[PDB]
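Notes follow once the structure below has been shown.
Residue numbers (the authors' numbering), protein chains in the order written: chain G, 1 to 292; chain D, 594 to 692; chain W, 246 to 407; chain P, 446 to 494; chain X, 693 to 777, 786 to 1087.
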């Protein structure tokens, strides 16, 4: 068992999140520095997010060690995940939710049904804190529990593009993002992010409390924003390039707007409608935890 | 002209697509030439592009105009209606052949 | 707006175009702005759409640039339901009364009710007889000559003597 | 000859147009073509009609 | 008598047949008064569009001619299983697998059919180009530096249809009252560095902007170009310019629309000047290479399809509805399906994802083994080394 520090697991160098950029492993904050925006006439007002449903989906009786981290990460940022709600394995997180469960969550991101030798795992109390909410990814498909997939993206934009003034205000012009870009910048970004050990960031998000948690939200805001960026490219109505004196500016339009597009494109990862439901649910739970 | 614009615009379809070459080799040879500044209008320049050929493209806009005009041609007869349609196809075909 | 009690079925009787052509988006945008002045005159209900489209055609044609941009925002977020603050207050009232009630979620409240003149609208029969005033707010420093296209006698005749 | 799209020549409603294009489509003849091209540069003394 | 066999037994066959994979278009809303079929075309910027639906006079072995007289045998000389009078013949429910397998066979034959042409058209998608004068507006301007510009006719002939495809508002006219900021606004709105000159004269800061950002002005004519500007330098001159080719790839860079990877770029740089016939010959050659025998029904559909003449010009081709009036509409979310928004060069998503890594292979230095230029020199070969 890996002990959780006074900070999160994210404080460990083993869990550091970085995207490759300009030949080096850049930290997410120094990618987001490249980002620039173009406001348009359209506006985004964030409504209150509905509270997540109380009900935890039952994990089914599943003998195997379900690979929950690969499932979640590919569901959100995966270049070719589809039918993500069909297998329904996210519900397995609920197995972790119980007090004194025999299951453990591996650093690998696999949910073992019992503790096994030479496999390091997150501290079960913290994981129970994390599962107690995120097992609700299990009900992204079920009709009574579906998240909104339109309004929630406002919050995404606010946490991405939003200036401290626009953020305190709760309203922002629907910004159009842009950055100096290499070939295939968005796909390669999405694949750098898919290898992220996001379970670490979520466990710290759900288990840390008080000053340690607030310090976590400040320390990891750019990581969060990076995931939000990949998701926003997934929903962006279009992603053009702009020639600019022997340079190319990638431009996605627009941040904070879900086009609900399903037909794929080479520019970015695409959401099958199931991926839209899953992403909406994930955002609901995550933004809910992120504002408390 | 103030109100004959479809006429003038069709007339522009006649504008020659080459250039006025000076007869430099012949002036060099001291060949006979009645003009004191000899020149001849070569019908079309060679394709300076890698794929686009300006001539075929001009003919594309020409057939575009002519098909729009055939389409904007009102008729009474049923058979004239039919040919009004078939001519648009034939136009498009000439366009590819010219390309 | 006159504050009278209203037994109507829903606070916002306007449709939301979940999927539509351009003409609908513009009809809805101009429709949510409530340009029209109150009018007890009978309308020719049959020509209605044309009339309102002409009204979009006028409202956008002469609004100050911020109003114009507001109508353009409205025309772009057609799936949004734009509504005045008092309307939303009424909705919060009916949700407080009946929590199970469903309401169209994607609304944009107006912090400001836009500052624009109400448009006159009598689609019924009757020539207007304007009693034009000598002076007003506008100052025409130099106006272009207006050429009235000639009238048929079918539309109007002019006898030598009344 | 490549005057028509495939099928349009044998299409029954196209026959007026096809008759018309046939009415204008003179058969290729090397002398007539070579002349047509050559004459573009050659001096003209009797005005052409 | 026959009314039962229709209402109760034909209706199901029309419904299951309604669900078959290949019956892709809508046929009839059931209201004769206002029905009009949706009319998609395969538009191309570089050619005349091809309607999917027209009176082409291909009667399809006589199929398109309709004998209404078929009602007589149907009413008055044909028994139906549902109407026994009563043998009670058992109803047949056909195995889905037969019609399914022919549908699927047609589909795979079709994709594999388009493939070689669709590949080359992707390779050359950035190859369409406009002639462009570059007037210089500085004392020491290089032949490339200056103010880019092109005739309005070139702009209609190439840039405009591609704007309609990219679905952006048309570029601003510049009346000479224009701020550089208004131009920046139009450029970031239409994602393309193009503006249309309307009335002179363009002012200084606007000129410095059009020069510094390489925004391409579109002149109605070149009749007195400098008079259209306001050169405080007096550097600009009607005789001072450089005409040059501007590839569409050097303007546009929409991802599924115009392939523009530097790989594909340098690969084009290697190519000879091309005719449409050359390109056609290349496509035929790739077809000749990749030909593979199909499942027997696929060979039957290929033979019945007729000769693959492919007169269609497919450079940056899209799939757009035309108005009955004949204008080709911009893609409309809310009407047209998401699959038609970009052709994606008419390739499978996997062929794109693989195409990426392949572009990574092609530009690997170790492969680049065609060498350019030699030095003749009269030297001893003491201790030779290739390097």
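Note that CB positions come from ideal geometry on N, CA and C, so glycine has one too.
- Any chance you could list the beta strand (DSSP E) runs of at least 3 consecutive residues sitting entirely within the region 89 to 118 of chain G, in chain order? Those beta strand (DSSP E) runs which fall completely within the region 89 to 118 of chain G and span 3+ residues are 110 to 112.
> Of all the residues that make up the region 256 to 270 of chain W, which are near chain X by a beta-carbon distance shorter than 7 Å?
Replying inline: For the region 256 to 270 of chain W, the beta-carbon criterion of a distance under 7 Å to any beta-carbon of chain X is satisfied by 264, 265.
What residues from the region 182 to 216 of chain G come within 7 Å of chain X, judged by C-beta to C-beta, listed N to C?
-> Correct list: 183, 184.
Report yes or no: is there a C-beta of chain D within less than 8 Å of the C-beta of residue 469 (chain P)?
-> The Cβ of residue 469 (chain P) sits no closer than 8 Å to any Cβ of chain D.
Exercise for review: Starting from residue 1013 (chain X), find everything on chain D with Cβ-Cβ shorter than 8 Å and list it in chain order.
Suggested key: The contact set of residue 1013 (chain X) on chain D, defined by CB atoms closer than 8 Å, consists of 689, 692 in chain order.
**Asked** Below 8 Å between beta carbons: does that hold for residue 783 (chain X) and residue 1020 (chain X)?
**Response** Because chain X is numbered 777 and then 786 with no intervening positions, residue 783 (chain X) cannot be located in this model.
Under 8 Å, Cβ to Cβ, is there at least one residue of chain D near residue 492 (chain P)?
Interface flag for residue 492 (chain P) against chain D is unset, since no Cβ pair is found closer than 8 Å.
*asked:* Could you compute how far the alpha carbon of residue 168 (chain G) sits from the alpha carbon of residue 827 (chain X)?
replied: So the two alpha carbons sit approximately 49 Å from each other.
query: How big is the Cα-Cα spacing for residue 780 (chain X) and residue 898 (chain X)?
result: Within chain X, the sequence of modelled residues goes 777 then 786, so residue 780 (chain X) has no position in this structure.
Length of the line joining the Cα atoms of residue 109 (chain G) and residue 292 (chain G) | Their backbone Cα atoms lie some 26 Å apart in a straight line.
> Enumerated in chain order, which unbroken segments of the beta strand (DSSP E) with a length of 3 residues or greater are wholly contained in the region 324 to 389 of chain W?
Replying inline: You should have 326 to 329, 352 to 355.
Requested in this report: Look at the alpha carbon of residue 465 (chain P) and the alpha carbon of residue 395 (chain W), and state the distance between them as a whole number of angstroms.
Outcome: The straight-line gap from Cα to Cα measures roughly 46 Å.
Let me confirm a value: residue 218 (chain G) is counted as buried when at least 16 other C-beta atoms fall within 10 Å, else exposed. Which label applies?
Flag for residue 218 (chain G) reads exposed.
| message | Please report whether the beta-carbon of residue 42 (chain G) lies at a distance below 8 Å from any beta-carbon of chain W. | response | At a cut-off of 8 Å between C-beta atoms, residue 42 (chain G) counts as an interface residue with respect to chain W.
- prompt: Going by the CB atoms, is the gap between residue 1015 (chain X) and residue 821 (chain X) shorter than 8 Å?
  reply: Remark: C-beta atoms of residue 821 (chain X) and residue 1015 (chain X) approach each other more closely than 8 Å.
| task | Anything in the region 140 to 162 of chain G with a Cβ closer than 9 Å to a Cβ of chain W? List those residues in chain order, please. | result | Listed by position along the chain: 148, 150, 151.
- [ ] Check whether the Cβ of residue 1087 (chain X) lies closer than 7 Å to any heavy atom of the ligand COA, and answer yes or no.
- [x] Within the structure as shown, the ligand COA is missing, as the structure has no ligands at all.
- Query: Between X:794, X:697, X:967, X:917, which lies nearest to residue 671 (chain X) when the distance is taken from Cα to Cα?
  - Reply: A question about residue 671 (chain X) goes unanswered here, because the residues of chain X that appear run from 693 up to 1087.
Point to revise | Residues bridged to residue 37 (chain G) [DSSP beta-bridge criterion] | key: G:177, per the DSSP bridge assignment.
Check whether the Cβ of residue 748 (chain X) lies closer than 8 Å to any Cβ atom in chain W. Closer than 8 Å: no.
Can you give me the C-alpha to C-alpha distance between residue 142 (chain G) and residue 281 (chain G), rounded to a whole angstrom? Their backbone Cα atoms lie some 11 Å apart in a straight line.
| said: Given this structure, state the Cα-to-Cα distance separating residue 164 (chain G) from residue 736 (chain X), to the nearest angstrom. | reply: If I take the Cα positions, the gap works out to 47 Å.
Requested in this report: Just the chain D side, please: which residues come within less than 8 Å of residue 971 (chain X) by C-beta, in chain order?
Outcome: Here the neighbours are 643.
* Residues from the region 1049 to 1068 of chain X in contact with chain G, defined by Cβ distance under 7 Å -> Within the region 1049 to 1068 of chain X, the residues whose Cβ lies closer than 7 Å to some Cβ of chain G are 1049, 1052, 1056, listed in chain order.
Rounded to the nearest angstrom, what separates residue 175 (chain G) and residue 256 (chain G) at their Cα positions?
Between the alpha carbons of residue 175 (chain G) and residue 256 (chain G) lies a distance of about 8 Å.
* Residues of chain X with CB under 8 Å from residue 453 (chain P), in chain order? -> Those are 748, 749, listed as they occur along chain X.
How many Å lie between residue 239 (chain G) and residue 83 (chain G) at the Cα? When rounded, the distance between both Cα atoms is 24 Å.
TODO: Report the option in W:318, W:253, W:248 whose CA atom is closest to the CA atom of residue 339 (chain W).
DONE: Residue W:253 is the option with its Cα nearest to residue 339 (chain W).
- Message: Which same chain residues end up closer than 7 Å to residue 1044 (chain X) when comparing Cβ atoms and leaving out the 5 residues on each side of it in sequence?
- Response: Beyond the five residues adjoining it in sequence on each side, residue 1044 (chain X) comes within less than 7 Å, by CB distance, of 956, 1052 in the same chain, given in chain order.
message: Along the chain, where does the beta strand (DSSP E) containing residue 250 (chain G) start, and where does it finish?
response: 248 to 253 is the span of the beta strand (DSSP E), which, as asked, contains residue 250 (chain G).
task: Kindly give me the distance between the Cβ atoms of residue 45 (chain G) and residue 170 (chain G), rounded to whole angstroms, as I take these residues to be in contact under 8 Å.
output: That belief holds up - the Cβ atoms of residue 45 (chain G) and residue 170 (chain G) are roughly 7 Å apart, short of 8 Å.
(request) Have a look at residue 367 (chain W) and residue 374 (chain W) and give me their C-alpha separation to the nearest angstrom. (result) CA-CA distance, residue 367 (chain W) to residue 374 (chain W), rounds to 14 Å.
| Which bits of chain X does residue 628 (chain D) rub up against, with CB to CB less than 9 Å? | In chain order: nothing, as chain X lies at least about 23 Å away.
Item checked: chain W residues whose Cβ lies nearer than 8 Å to that of residue 1034 (chain X) -> Result: 264, 265, 266.
### Query
Does the beta-carbon of residue 642 (chain D) have 16 or more other beta-carbons within 10 angstroms, so that it is buried, or is it exposed?
Looking at its Cβ environment, which holds 16 or more other Cβ atoms inside 10 Å, residue 642 (chain D) is buried.
* Asked: Does residue 243 (chain G) come within less than 8 Å of chain X when only Cβ atoms are used?
  -> Interface residue, yes.
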